[PDB]
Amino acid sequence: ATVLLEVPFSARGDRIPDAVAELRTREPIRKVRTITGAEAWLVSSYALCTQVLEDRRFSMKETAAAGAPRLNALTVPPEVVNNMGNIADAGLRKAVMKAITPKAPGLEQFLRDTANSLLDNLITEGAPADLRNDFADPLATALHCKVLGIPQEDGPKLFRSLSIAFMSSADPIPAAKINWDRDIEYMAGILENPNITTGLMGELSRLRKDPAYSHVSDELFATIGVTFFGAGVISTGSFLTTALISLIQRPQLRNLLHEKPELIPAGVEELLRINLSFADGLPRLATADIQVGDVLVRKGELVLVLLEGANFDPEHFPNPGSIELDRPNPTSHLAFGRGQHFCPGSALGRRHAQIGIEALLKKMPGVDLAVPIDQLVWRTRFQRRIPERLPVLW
């Protein structure tokens, strides 16, 4: 006698478990047990993943309902699960989106100078260097401080919330509330700070005093600050870190991109496709009875959309484990999701990785792991897969 198949399979972000392909071939939608003890439908083929993400009756918002089967415990207030919905309803979608495009004057140059400075310091200190704690994560943090319009010096303290904020836990986390309330207070103070006139918080601060936004709550304005910092920094920091592992392990690709840096955008799109940064399927709660492949999903049930299921599906991406810069469908991956909840920071995430990789290859063309790859320590029970340290030499 065995127990129901449990998720997640492995916290390692350097290889995809064989079970994924076995599941996709034989049972692309199937029952599993989450860390909370709830049952869920795990969906692992490109066709069925897209079907779920494109049908709003599979609701993100409703995952926060009391009594629902849960993937993990909330680390934010239940209303914050509908964060983008709330922003849209407040008439703030356009303003937020304009504030987070990588095409802001001087922003890409700021990224370049920042990446270059970080790398110069590592070279000066000498090998080994930690490319997560001393490159990818400070770069992500520096970027989001600039995008938000908040002091660079405040970045490290806001960052220190994230190892807890993005936990994937069976039970509520007392520290998450403490940090959340503190960070919300920080952002409420930013909105009242006359020095803060640029970036996303500068724009929110002015819209807050505009009579057309008079009935938008101060709670929402502070929430947008905390949530976009946290989601942007964890996503870009983790993606860049795991992408660098994928590159370091592919010297031929590394040499090609070094030689022809104009191929970097196509390289990053493939790195996105094969990336295992997301530790759990994307959760949705059925709000009707809906047929998904061989299964009738019932109202109230939890569905988990497995991004690497879709992104490694050989029916959509032939030879899926190989980085190939000349695919006919290169942006059709699900790394940024699909449908109603498509990542609003996708352009910014792309540019973050492109510039980070550009600068690394320029400065450290001899980059290699300083420890055997099995020695990386993979963070557990977290919403992302990431090594605690990424030791490299050059």
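Residue indices: 1-based, along the sequence shown.
**Q** Between 358-366 and 44-52, which has the higher average C-alpha B-factor in the PDB entry?
**A** Comparing 358-366 with 44-52, the higher average CA B-factor belongs to 358-366.
**Q** Determine, for stretches 269-277 and 115-123, which one has the higher mean CA B-factor as deposited.
**A** Mean B over CA atoms: larger for 115-123.
**Q** By the entry's C-alpha temperature factors, tell me which of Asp171, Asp89, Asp181, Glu308 sits highest.
**A** By C-alpha B-factor in the record, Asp89 ranks first.
**Q** Whose CA atom has the top B-factor in the entry, of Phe228, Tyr213, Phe221, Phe135?
**A** Comparing C-alpha B-factors across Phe228, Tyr213, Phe221, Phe135, the top value belongs to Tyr213.
**Q** For the chain shown, is the CA B-factor of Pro314 in the lowest, middle or highest third of its modelled residues?
**A** According to the entry, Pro314 has a C-alpha B-factor in the chain's middle third.
**Q** Quick one: classify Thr242 as lowest, middle or highest third of the chain based on its Cα B-factor.
**A** For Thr242, whose C-alpha B-factor we compare with every modelled residue in the chain, the answer is the lowest third.
**Q** Give the position of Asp130 by CA B-factor within its chain, expressed as the lowest, middle or highest third.
**A** Middle third - that is where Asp130 ends up once the chain's C-alpha B-factors are sorted.
**Q** Name the third of the chain's ranked CA B-factors that contains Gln291, choosing lowest, middle or highest.
**A** Ranked within chain, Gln291 CA B lands in the middle tercile.
**Q** Thinking about Cα B factors across the chain, which third does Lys98 belong to?
**A** CA B-factor rank for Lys98: highest third.
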